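Engineer: Please find one structure pasted underneath; my questions will follow.
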Amino acid sequence: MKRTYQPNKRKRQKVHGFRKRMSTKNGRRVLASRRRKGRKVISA
Amino acid sequence: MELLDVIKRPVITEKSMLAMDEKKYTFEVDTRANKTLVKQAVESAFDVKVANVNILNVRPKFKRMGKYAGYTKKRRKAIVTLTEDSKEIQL
Amino acid sequence: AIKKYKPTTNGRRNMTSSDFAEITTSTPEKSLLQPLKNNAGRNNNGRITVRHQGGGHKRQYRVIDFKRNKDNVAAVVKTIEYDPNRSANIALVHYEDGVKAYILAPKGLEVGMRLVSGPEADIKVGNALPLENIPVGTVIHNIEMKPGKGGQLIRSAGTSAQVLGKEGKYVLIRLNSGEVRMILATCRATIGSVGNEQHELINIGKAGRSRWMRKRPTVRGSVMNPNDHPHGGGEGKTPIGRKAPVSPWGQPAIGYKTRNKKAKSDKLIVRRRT
RNA sequence: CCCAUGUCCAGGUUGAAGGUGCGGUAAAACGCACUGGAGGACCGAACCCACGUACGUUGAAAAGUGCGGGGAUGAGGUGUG
RNA sequence: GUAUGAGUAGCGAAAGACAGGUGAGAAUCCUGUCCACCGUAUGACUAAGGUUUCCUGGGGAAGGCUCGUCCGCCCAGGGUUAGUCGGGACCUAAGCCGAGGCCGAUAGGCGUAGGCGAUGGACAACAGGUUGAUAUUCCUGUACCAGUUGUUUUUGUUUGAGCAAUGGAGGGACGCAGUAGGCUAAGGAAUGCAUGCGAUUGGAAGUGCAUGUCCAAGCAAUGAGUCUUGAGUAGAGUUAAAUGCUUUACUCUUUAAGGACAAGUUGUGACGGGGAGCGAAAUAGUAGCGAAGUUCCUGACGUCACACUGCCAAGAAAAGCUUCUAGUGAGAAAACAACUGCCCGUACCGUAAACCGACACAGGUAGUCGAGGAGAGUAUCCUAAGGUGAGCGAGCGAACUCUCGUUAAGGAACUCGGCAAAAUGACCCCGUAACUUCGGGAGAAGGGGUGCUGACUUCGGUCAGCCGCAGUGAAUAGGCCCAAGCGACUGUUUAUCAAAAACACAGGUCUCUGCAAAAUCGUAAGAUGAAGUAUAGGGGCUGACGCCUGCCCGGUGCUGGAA
RNA sequence: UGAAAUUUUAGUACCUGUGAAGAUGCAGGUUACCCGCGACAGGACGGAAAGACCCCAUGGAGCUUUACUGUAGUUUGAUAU
Ligand SMILES: [K+]
Ligand SMILES: [K+]
Ligand SMILES: [K+]
Ligand SMILES: [K+]
Ligand SMILES: [K+]
Ligand SMILES: [K+]
Ligand SMILES: [K+]
Ligand SMILES: [K+]
Ligand SMILES: [K+]
Ligand SMILES: [K+]
Ligand SMILES: [K+]
Ligand SMILES: [K+]
Ligand SMILES: [K+]
Ligand SMILES: [K+]
Ligand SMILES: [K+]
Ligand SMILES: [K+]
Ligand SMILES: [K+]
Ligand SMILES: [K+]
Ligand SMILES: [K+]
Ligand SMILES: [K+]
Ligand SMILES: [K+]
Ligand SMILES: [K+]
Ligand SMILES: [K+]
Ligand SMILES: [K+]
Ligand SMILES: [K+]
Ligand SMILES: [K+]
Ligand SMILES: [K+]
Ligand SMILES: [K+]
Ligand SMILES: [K+]
Ligand SMILES: [K+]
Ligand SMILES: [K+]
Ligand SMILES: [K+]
Ligand SMILES: [K+]
Ligand SMILES: [K+]
Ligand SMILES: [K+]
Ligand SMILES: [K+]
Ligand SMILES: [K+]
Ligand SMILES: [K+]
Ligand SMILES: [Mg+2]
Ligand SMILES: [Mg+2]
Ligand SMILES: [Mg+2]
Ligand SMILES: [Mg+2]
Ligand SMILES: [Mg+2]
Ligand SMILES: [Mg+2]
Ligand SMILES: [Mg+2]
Ligand SMILES: [Mg+2]
Ligand SMILES: [Mg+2]
Ligand SMILES: [Mg+2]
Ligand SMILES: [Mg+2]
Ligand SMILES: [Mg+2]
Ligand SMILES: [Mg+2]
Ligand SMILES: [Mg+2]
Ligand SMILES: [Mg+2]
Ligand SMILES: [Mg+2]
Ligand SMILES: [Mg+2]
Ligand SMILES: [Mg+2]
Ligand SMILES: [Mg+2]
Ligand SMILES: [Mg+2]
Ligand SMILES: [Mg+2]
Ligand SMILES: [Mg+2]
Ligand SMILES: [Mg+2]
Ligand SMILES: [Mg+2]
Ligand SMILES: [Mg+2]
Ligand SMILES: [Mg+2]
Ligand SMILES: [Mg+2]
Ligand SMILES: [Mg+2]
Ligand SMILES: [Mg+2]
Ligand SMILES: [Mg+2]
Ligand SMILES: [Mg+2]
Ligand SMILES: [Mg+2]
Ligand SMILES: [Mg+2]
Ligand SMILES: [Mg+2]
Ligand SMILES: [Mg+2]
Ligand SMILES: [Mg+2]
Ligand SMILES: [Mg+2]
Ligand SMILES: [Mg+2]
Ligand SMILES: [Mg+2]
Ligand SMILES: [Mg+2]
Ligand SMILES: [Mg+2]
Ligand SMILES: [Mg+2]
Ligand SMILES: [Mg+2]
Ligand SMILES: [Mg+2]
Ligand SMILES: [Mg+2]
């Protein structure tokens, strides 16, 4: 029974990282929304 | 950074005292200081001659008081070995 | 020739392959090798655009000289080599000036032949000449459609075309498909026919061999679901159950022509076939 | 599913093509030995899989375990990106 | 928020016993002894992941399915040392970003140059010791790599040593399978060597018992072997040039010669270190001391080395590196001495109680090492090194349920169905049918042998004898046959009720497609098809192979025609 | 050491009958001292899941086609370039 979550530092950053979010207009929209909501952590 | 700002404080512990017996002294240094800069700063400050400098990064350590939890500040530790025929650092 | 394996195993049963007798070496030319990746039928969007492709053995690209535009000096045929990229074999040839190149190996080519290219080259297997210089009735291959572009037509193993005549600035040609068309007289071609004629007769023998050759399984539309293929669905085996069989995207699959009706090349195609 | 680049498959068994020798013939085909080591080949661990059954079924487990079961140099398993 | 069920289910695979100690309190914590368990692992390393869980000293609120004096918990201190290891200051693959550029209601999409990007290439250090916690990082010893300064020694200074391209080249540079050979680890035996001991339960001072039985990198010398023809002439090229490289003809050489590689061995590294064991106080088995380190047997797909052979499915790139000139050039080279060498990771767990599973969860987790007897073996049983006794127990030994052993006579009468279980099972020998695509069927079937002790063996046997109910005496190992349907076959499939006759398949056939091909993704640009070209590519159907595949073109499609 | 599903309150018998037509609870009669423990599963139309069968809603979704109406594409003409 291999489960869905297989941790990996590099993959987390490459997929959900701050620079990845900033590379795309929609990723920047996510960052804006997180800031507006006030999330302490806006990116992985 | 200023040479005087490079070295922050000595480290006094069982391990560091044993090191002193071998004529190597442990100092907390600015986290951005490379061991070459550390060597220059030690020489200017203490007039001794440095044989080698071994540097290592101490990770921030998790702590908690009551309802609050955080991390101690990260540190940078440098073990400086003086040459023979050199004055000792007096603390 | 074709060697038939003894039926030692059901997989090996009925299998045949080539003996590679013509092949003289197995060490390609380092200078002419190029890297190739297996696109596996996926385009820049990453979507599968051509089904049933992918996997299989790794290959290196051999830079073939389809242009044959080096007319100054003669090229001596050094070796006949297997080419993983094409059905036909290739020939490594050394030009007397020291330039190494690969060409298609015509039927009857042999090590030591001194090929030449240019208008004055004699009509010998492996020579290259502009179509205007090739006498009628000659059998040729590696025909180029535009001058200087390099041979494009008649390159598969065992294929060949025949020169039928001249007219205006064009040359009448019967292609391997039986289609007769005009081709610009300044286009070049190689005298002869592409070697390795036996290629067609190989019996692959087992599924794993197709997988080696980079063919992934083909699934019949009749055994898909309705949302997958127009033939999909129905209880049990079903007939086509439509006006005509169609591709996965509804294009009729039997007899329905697809050539563009306003093709510019109709003016040059004299007699069609296929 | 695919791409690039790595990596894994204890140990046994069988004996294809080809080759050599001797027969045989005008030359052959062909025959007999030896050699040779092919295979989605055979048996079988690791590995992968999941056919039968019992149990489990507020479980040890939101799909498993026990006993057996199939594949195991390939259309193979698997890692990293 | 609190009840009921209820002091009920459950307390999550397995062996512990006792003595002593600690302490308010002990089945559960510590110590000791015996016993037991794993041992191709439940041992030893590592990558990811986790992120302080590591060490030391305290604590017993909560967490731990019981307990707890204890813990991966809580509290306080402490712990990760690199020119050489892995990464960066090196290279590139897939893929990604992308100056200009192309395309596009907006947003943006695509892409050249150029970059990024290891899982690959390149690249200089090892042995021992030391701490409670780090070690190829610290220390001792002995090195190497890049560079700076300086001393000395040679040689060159513009008829110019030397350096040297972003340029020309070479090289890097590569698959799979198959055995064979060399070498070394590894393993085993010895009345080899060294040390220690002589047993009390009847016997043994000997061929008794136990334990050990060797050491780098670097440097030097060599080396099992492995690959490879080597010159010369005349040309032609290599955007300029070249002595380099590529190459065409022509001579001579080719059992060789020359050249390029090479595991490993010997010496030194070593007056060093380890090492059975002996063993100190002032408080341990710890300072410290410390013998021997032979021969023989087996012997690695570990290494030479993808070396050789064979095969088809035809098996990265770039840099480093080596050469060539072009350019650049007044300084160079050697030895020696001293000196310089940055950032990041380094703790600990890691077939797990520390990772993925909500749990201290019978699941999952890449790679390396992985011993002995019997054995083909990493199977199997019992063991070595090493690790562990599983975080509720004490009784009792009812039904019933589960897991397992045995079972008179019968032997499928059970049942939807021989489901389950039983039976067969290893090796050696004899022997083996229909049918067949000649390969198989086939381990068909059906039989026989297996222990121990002598003798002789051509070393595999044979002959003789002995014992038992039984000799692959345990463990681990096919049940078989006749016949029919379906599917040719190996494969694939509904993760988690269906593994099949379903899908695929090789083969067949039809049809499209002349290349800016057809087809497909996309508004487009741009892509795949394909750096392919009708013996190719796409689509439909059928589905090995063998024998065959009849009649109908009126209707519907397609194709052609054009009055 | 210590849950859970369930649970209107319950001092919670049997027969025949009655009743929304299948009663522990209603009628007549019978039986039965109070409280438990170990077992079994006939009943509580037992628990679990606002039945998936069936029907209905001018509900939903996926699919088909010579259903209706559109439409991407493909093609043909005019016209501009
Ligand atoms: K948050
Ligand atoms: K076959
Ligand atoms: K080919
Ligand atoms: K098919
Ligand atoms: K169907
Ligand atoms: K099972
Ligand atoms: K409760
Ligand atoms: K209760
Ligand atoms: K404690
Ligand atoms: K490093
Ligand atoms: K790497
Ligand atoms: K040079
Ligand atoms: K070394
Ligand atoms: K040595
Ligand atoms: K470390
Ligand atoms: K053995
Ligand atoms: K073993
Ligand atoms: K316990
Ligand atoms: K009892
Ligand atoms: K029972
Ligand atoms: K019976
Ligand atoms: K049979
Ligand atoms: K017997
Ligand atoms: K067996
Ligand atoms: K089938
Ligand atoms: K089939
Ligand atoms: K059939
Ligand atoms: K099956
Ligand atoms: K299927
Ligand atoms: K057929
Ligand atoms: K077809
Ligand atoms: K059909
Ligand atoms: K087919
Ligand atoms: K008809
Ligand atoms: K018709
Ligand atoms: K009612
Ligand atoms: K009941
Ligand atoms: K639905
Ligand atoms: Mg460091
Ligand atoms: Mg296809
Ligand atoms: Mg279906
Ligand atoms: Mg449809
Ligand atoms: Mg249908
Ligand atoms: Mg039907
Ligand atoms: Mg097989
Ligand atoms: Mg696994
Ligand atoms: Mg599966
Ligand atoms: Mg099988
Ligand atoms: Mg098998
Ligand atoms: Mg109860
Ligand atoms: Mg337990
Ligand atoms: Mg085992
Ligand atoms: Mg601890
Ligand atoms: Mg503690
Ligand atoms: Mg407790
Ligand atoms: Mg490195
Ligand atoms: Mg882009
Ligand atoms: Mg731009
Ligand atoms: Mg290195
Ligand atoms: Mg440690
Ligand atoms: Mg005695
Ligand atoms: Mg030039
Ligand atoms: Mg070997
Ligand atoms: Mg460590
Ligand atoms: Mg676990
Ligand atoms: Mg055991
Ligand atoms: Mg019986
Ligand atoms: Mg009996
Ligand atoms: Mg019966
Ligand atoms: Mg019966
Ligand atoms: Mg059975
Ligand atoms: Mg046995
Ligand atoms: Mg089948
Ligand atoms: Mg199968
Ligand atoms: Mg299923
Ligand atoms: Mg199943
Ligand atoms: Mg079919
Ligand atoms: Mg009534
Ligand atoms: Mg009633
Ligand atoms: Mg009442
Ligand atoms: Mg009621
Ligand atoms: Mg109910
Ligand atoms: Mg309802």
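Residues in the structure tokens are named by chain (A, B, ... in the order shown) and by number from 1 within that chain; ligands are numbered from 1 in the order shown.
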I'd like the neighbourhood of residue 133 of chain C as a count of residues only, where a residue qualifies if any of its atoms comes within 10 Å (using only C-alpha atoms (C1' of nucleotides)), though same-chain residues fewer than 3 positions away should be ignored.
Structural biologist: 14
Engineer: With DSSP run on the backbone, what are the helix (DSSP H, G or I) residues within segment 1-38 of chain B? I'd like them as number ranges by chain.
Structural biologist: B: 3-6, 14-21, 35-38
Engineer: With N, CA and C atoms retained, write the just-selected residues as a PDB file, in the first residue's frame.
Structural biologist:
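In the end it all went to again06.pdb:
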```pdb
ATOM      1  N   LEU B   3      35.870  44.359  10.713  1.00  0.00           N
ATOM      2  CA  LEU B   3      36.577  43.229  11.304  1.00  0.00           C
ATOM      3  C   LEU B   3      36.156  43.013  12.748  1.00  0.00           C
ATOM      4  N   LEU B   4      35.986  44.097  13.501  1.00  0.00           N
ATOM      5  CA  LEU B   4      35.541  43.959  14.881  1.00  0.00           C
ATOM      6  C   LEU B   4      34.147  43.359  14.960  1.00  0.00           C
ATOM      7  N   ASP B   5      33.320  43.575  13.940  1.00  0.00           N
ATOM      8  CA  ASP B   5      31.990  42.982  13.920  1.00  0.00           C
ATOM      9  C   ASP B   5      31.999  41.529  13.473  1.00  0.00           C
ATOM     10  N   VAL B   6      33.092  41.058  12.871  1.00  0.00           N
ATOM     11  CA  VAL B   6      33.129  39.683  12.380  1.00  0.00           C
ATOM     12  C   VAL B   6      32.989  38.702  13.534  1.00  0.00           C
ATOM     13  N   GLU B  14      32.341  22.378  27.544  1.00  0.00           N
ATOM     14  CA  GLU B  14      33.322  21.332  27.805  1.00  0.00           C
ATOM     15  C   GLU B  14      34.160  21.068  26.567  1.00  0.00           C
ATOM     16  N   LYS B  15      33.516  20.987  25.403  1.00  0.00           N
ATOM     17  CA  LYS B  15      34.251  20.718  24.175  1.00  0.00           C
ATOM     18  C   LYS B  15      35.210  21.856  23.851  1.00  0.00           C
ATOM     19  N   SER B  16      34.757  23.101  24.010  1.00  0.00           N
ATOM     20  CA  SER B  16      35.606  24.238  23.676  1.00  0.00           C
ATOM     21  C   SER B  16      36.786  24.367  24.629  1.00  0.00           C
ATOM     22  N   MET B  17      36.603  24.019  25.903  1.00  0.00           N
ATOM     23  CA  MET B  17      37.726  24.059  26.834  1.00  0.00           C
ATOM     24  C   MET B  17      38.763  23.000  26.486  1.00  0.00           C
ATOM     25  N   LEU B  18      38.317  21.792  26.145  1.00  0.00           N
ATOM     26  CA  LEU B  18      39.254  20.768  25.698  1.00  0.00           C
ATOM     27  C   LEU B  18      40.025  21.241  24.477  1.00  0.00           C
ATOM     28  N   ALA B  19      39.348  21.942  23.570  1.00  0.00           N
ATOM     29  CA  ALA B  19      40.021  22.501  22.405  1.00  0.00           C
ATOM     30  C   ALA B  19      41.080  23.519  22.807  1.00  0.00           C
ATOM     31  N   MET B  20      40.766  24.388  23.768  1.00  0.00           N
ATOM     32  CA  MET B  20      41.756  25.348  24.245  1.00  0.00           C
ATOM     33  C   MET B  20      43.042  24.659  24.673  1.00  0.00           C
ATOM     34  N   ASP B  21      42.929  23.519  25.355  1.00  0.00           N
ATOM     35  CA  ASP B  21      44.121  22.786  25.765  1.00  0.00           C
ATOM     36  C   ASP B  21      45.005  22.433  24.577  1.00  0.00           C
ATOM     37  N   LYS B  35      35.608  31.716   6.496  1.00  0.00           N
ATOM     38  CA  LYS B  35      36.696  31.418   7.418  1.00  0.00           C
ATOM     39  C   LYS B  35      37.942  32.231   7.105  1.00  0.00           C
ATOM     40  N   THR B  36      38.128  32.634   5.850  1.00  0.00           N
ATOM     41  CA  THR B  36      39.244  33.518   5.539  1.00  0.00           C
ATOM     42  C   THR B  36      39.074  34.865   6.221  1.00  0.00           C
ATOM     43  N   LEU B  37      37.863  35.420   6.179  1.00  0.00           N
ATOM     44  CA  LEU B  37      37.602  36.662   6.894  1.00  0.00           C
ATOM     45  C   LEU B  37      37.771  36.468   8.394  1.00  0.00           C
ATOM     46  N   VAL B  38      37.327  35.321   8.909  1.00  0.00           N
ATOM     47  CA  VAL B  38      37.478  35.034  10.331  1.00  0.00           C
ATOM     48  C   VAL B  38      38.948  35.019  10.709  1.00  0.00           C
TER      49      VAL B  38
END
```
Engineer: With only C-alpha atoms (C1' of nucleotides) as the counted atoms, please give the residues lying no more than 6 Å from residue 79 of chain B, apart from itself and same-chain residues fewer than 3 positions off, as a ChimeraX atom specification.
Structural biologist: /B:25-26,53-54
Engineer: If the limit is 8 Å from any atom of ligand 69, counting only C-alpha atoms (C1' of nucleotides) and all ligand atoms, which residues qualify? Return them as a list in words.
Structural biologist: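 Answer in the requested format: residues 412, 413, 414 and 415 of chain E.
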Engineer: Export N, CA and C atoms (P, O5', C5', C4', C3', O3' and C1' of nucleotides) of the chosen residues as a PDB file, in the first residue's frame?
Structural biologist:
```pdb
ATOM      1  P     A E 412     -14.583 -43.042  -3.495  1.00  0.00           P
ATOM      2  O5'   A E 412     -15.430 -41.700  -3.426  1.00  0.00           O
ATOM      3  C5'   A E 412     -16.710 -41.669  -2.807  1.00  0.00           C
ATOM      4  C4'   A E 412     -17.340 -40.309  -2.932  1.00  0.00           C
ATOM      5  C3'   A E 412     -17.226 -39.673  -4.313  1.00  0.00           C
ATOM      6  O3'   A E 412     -18.345 -38.824  -4.541  1.00  0.00           O
ATOM      7  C1'   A E 412     -16.156 -38.302  -2.753  1.00  0.00           C
ATOM      8  P     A E 413     -19.709 -39.413  -5.138  1.00  0.00           P
ATOM      9  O5'   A E 413     -20.286 -40.291  -3.948  1.00  0.00           O
ATOM     10  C5'   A E 413     -21.637 -40.717  -3.945  1.00  0.00           C
ATOM     11  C4'   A E 413     -22.102 -41.031  -2.549  1.00  0.00           C
ATOM     12  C3'   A E 413     -22.075 -39.868  -1.580  1.00  0.00           C
ATOM     13  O3'   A E 413     -23.215 -39.046  -1.709  1.00  0.00           O
ATOM     14  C1'   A E 413     -21.219 -41.832  -0.550  1.00  0.00           C
ATOM     15  P     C E 414     -23.087 -37.545  -2.257  1.00  0.00           P
ATOM     16  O5'   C E 414     -22.176 -36.841  -1.168  1.00  0.00           O
ATOM     17  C5'   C E 414     -22.504 -36.919   0.207  1.00  0.00           C
ATOM     18  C4'   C E 414     -21.884 -35.783   0.971  1.00  0.00           C
ATOM     19  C3'   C E 414     -22.240 -34.404   0.446  1.00  0.00           C
ATOM     20  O3'   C E 414     -23.432 -33.919   1.035  1.00  0.00           O
ATOM     21  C1'   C E 414     -19.892 -34.589   0.661  1.00  0.00           C
ATOM     22  P     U E 415     -24.626 -33.360   0.119  1.00  0.00           P
ATOM     23  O5'   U E 415     -23.985 -32.134  -0.662  1.00  0.00           O
ATOM     24  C5'   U E 415     -23.371 -31.064   0.038  1.00  0.00           C
ATOM     25  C4'   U E 415     -22.474 -30.264  -0.867  1.00  0.00           C
ATOM     26  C3'   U E 415     -23.071 -29.877  -2.208  1.00  0.00           C
ATOM     27  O3'   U E 415     -23.885 -28.725  -2.116  1.00  0.00           O
ATOM     28  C1'   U E 415     -20.939 -30.800  -2.553  1.00  0.00           C
TER      29        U E 415
END
```
Engineer: Show me which residues line ligand 67, defined as having an atom within 10 Å of a ligand atom where only C-alpha atoms (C1' of nucleotides) and all ligand atoms count, and present them as a VMD selection string.
Structural biologist: chain E and resid 406 to 411
Engineer: Dump C-alpha atoms (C1' of nucleotides) for the selected residues as a PDB file, in the first residue's frame?
Structural biologist:
```pdb
ATOM      1  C1'   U E 406      -3.806 -37.444  15.004  1.00  0.00           C
ATOM      2  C1'   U E 407      -7.786 -40.493  13.749  1.00  0.00           C
ATOM      3  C1'   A E 408     -10.900 -47.249  13.583  1.00  0.00           C
ATOM      4  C1'   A E 409     -13.660 -49.201   8.916  1.00  0.00           C
ATOM      5  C1'   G E 410     -15.112 -46.995   4.489  1.00  0.00           C
ATOM      6  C1'   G E 411     -12.763 -43.699   0.608  1.00  0.00           C
TER       7        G E 411
END
```
Engineer: Can you tell me which residues come within 8 Å of ligand 65 when counting only C-alpha atoms (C1' of nucleotides) and all ligand atoms, ideally as a list in words?
Structural biologist: residues 352, 361 and 363 of chain E
Engineer: Hey, can you check how far atom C1' of residue 3 of chain F sits from atom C1' of residue 58 of chain D?
Structural biologist: 9.5 Å
Engineer: Near chain C, which residues of chain E fall within 7 Å when you count only C-alpha atoms (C1' of nucleotides), and what do they look like as an MDAnalysis selection string?
Structural biologist: chainID E and resid 236:237 246:248 313:316 439 489 504:506 511:512 518 520:521 527:529 533:536 539:540 556:559
Engineer: Go through the chains and note each residue within 10 Å of ligand 22, using only C-alpha atoms (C1' of nucleotides) and all ligand atoms, then give the set as a PDB file with C-alpha atoms (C1' of nucleotides), in the first residue's frame.
Structural biologist:
```pdb
ATOM      1  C1'   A E 433       2.139 -43.031 -25.845  1.00  0.00           C
ATOM      2  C1'   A E 434      -1.545 -40.620 -29.158  1.00  0.00           C
ATOM      3  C1'   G E 441       4.221 -33.607 -26.397  1.00  0.00           C
ATOM      4  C1'   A E 442       8.123 -34.850 -21.849  1.00  0.00           C
ATOM      5  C1'   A E 444       4.408 -37.833 -20.373  1.00  0.00           C
ATOM      6  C1'   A E 445       3.322 -42.123 -18.016  1.00  0.00           C
ATOM      7  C1'   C E 480      -1.112 -37.584 -12.785  1.00  0.00           C
ATOM      8  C1'   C E 481      -4.135 -39.260 -17.011  1.00  0.00           C
ATOM      9  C1'   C E 482      -8.375 -39.400 -20.885  1.00  0.00           C
TER      10        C E 482
END
```
Engineer: With distances taken over only C-alpha atoms (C1' of nucleotides) and all ligand atoms, which residue among D:3, D:10, D:43, D:17 lies nearest ligand 24?
Structural biologist: D:43
Engineer: Among the residues of segment 31-262 of chain C, find those DSSP assigns to strand (DSSP E or B) from the backbone and print them as a ChimeraX atom specification.
Structural biologist: /C:33-35,42,48,53,60-62,64,75-81,90-95,100-104,106,114-115,117,128-130,139-141,143,153,161-167,170-174,180-184,188-191,194,215,246,252
Engineer: Once you count only C-alpha atoms (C1' of nucleotides) and all ligand atoms, which residues end up within 12 Å of ligand 73, and could you hand them over as an NGL selection string?
Structural biologist: :E and (486-492 or 499-505 or 544)
Engineer: Please return as a count of residues only the residues found within 10 Å of ligand 11, counting only C-alpha atoms (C1' of nucleotides) and all ligand atoms.
Structural biologist: 7
Engineer: Please check which protein, DNA or RNA residues sit within 10 Å of ligand 44, counting only C-alpha atoms (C1' of nucleotides) and all ligand atoms, and write them as a PyMOL selection string.
Structural biologist: chain C and resi 234-239
